[PDB]
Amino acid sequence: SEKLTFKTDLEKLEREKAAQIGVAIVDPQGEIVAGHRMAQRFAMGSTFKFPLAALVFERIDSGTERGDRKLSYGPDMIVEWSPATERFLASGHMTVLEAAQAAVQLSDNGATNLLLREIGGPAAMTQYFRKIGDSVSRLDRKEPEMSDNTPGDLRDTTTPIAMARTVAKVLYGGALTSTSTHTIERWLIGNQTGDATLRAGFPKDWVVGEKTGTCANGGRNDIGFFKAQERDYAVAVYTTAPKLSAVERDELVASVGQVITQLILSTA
């Protein structure tokens, strides 16, 4: 059984790395392909920045937001890990689209908070999840405190299955216009922060786009999509490994990518 090998290989990684590995793989319609701890809650960390950009694109599609609108800010918006926000600070603004692309591709915290200030904060992010059929994911705080990952805390969490289904809804389920869907897909493919995580474990001819996260207390996450030939999939991986180094956590997620690959290739 290929799915049994998938489960066994994930459980070996969990034992050997003292880790918990949550995974869900779904098809474009949200049907389950495989998973592990798929409805256990994990802290989202920066992975929510992908749904945040989808919310922004919904508003652009609708006309309630404009992509080229200039969002003014001062140094009060610079927080830990704000590389683009810091570069644009002297100019005094980033556009909605610039901020969204920095949030997705650089995980820029200041840019993320700039967008949260505009769209209604964590409560509005949570309402967007509900609107697109996700009753599970919740944003309660802005960055970086939303990544605190205090053991047992349900704030700022999702589950692998709920997030994978949200990814599928955004990329394949008609949440966005064809133009906005293509734009956000390209942003995920061009992500700058994921070279050592999931896409390091997938074949080099698969089209892969994803959004990483890192949370305190050992959280390392990666969500997105892969296309194996003509077959599209949405995927969400959330891991907790408090005893590993940062590099070993990257390698853990890459290993999960290989375990996913072995399943997908064998089930053809």
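When you see a residue number, it is the position in the sequence shown, counting from 1.
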Going by the mean C-alpha B-factor recorded in the entry, which is higher: 38-46 or 228-236? 228-236
Which of the two stretches, 125-133 or 94-102, shows the higher mean Cα temperature factor in the record? 125-133
Could you tell me which one of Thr179, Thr159, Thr85, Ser107 shows the highest CA temperature factor in the PDB record? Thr179
Options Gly190, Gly174, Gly74, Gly194 - largest CA temperature factor per the record: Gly174
Sorting the chain's modelled residues by C-alpha B-factor, tell me whether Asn113 ends up in the lowest, middle or highest third. middle
Which third of the chain does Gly201 land in by C-alpha B-factor: lowest, middle or highest? middle
Ranking every modelled residue in this chain by its Cα temperature factor as given in the entry, which third contains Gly209? lowest
Record-listed C-alpha B factor of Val79: chain third: highest
Position of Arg66 among the chain's modelled residues by C-alpha B-factor, lowest, middle or highest third: highest
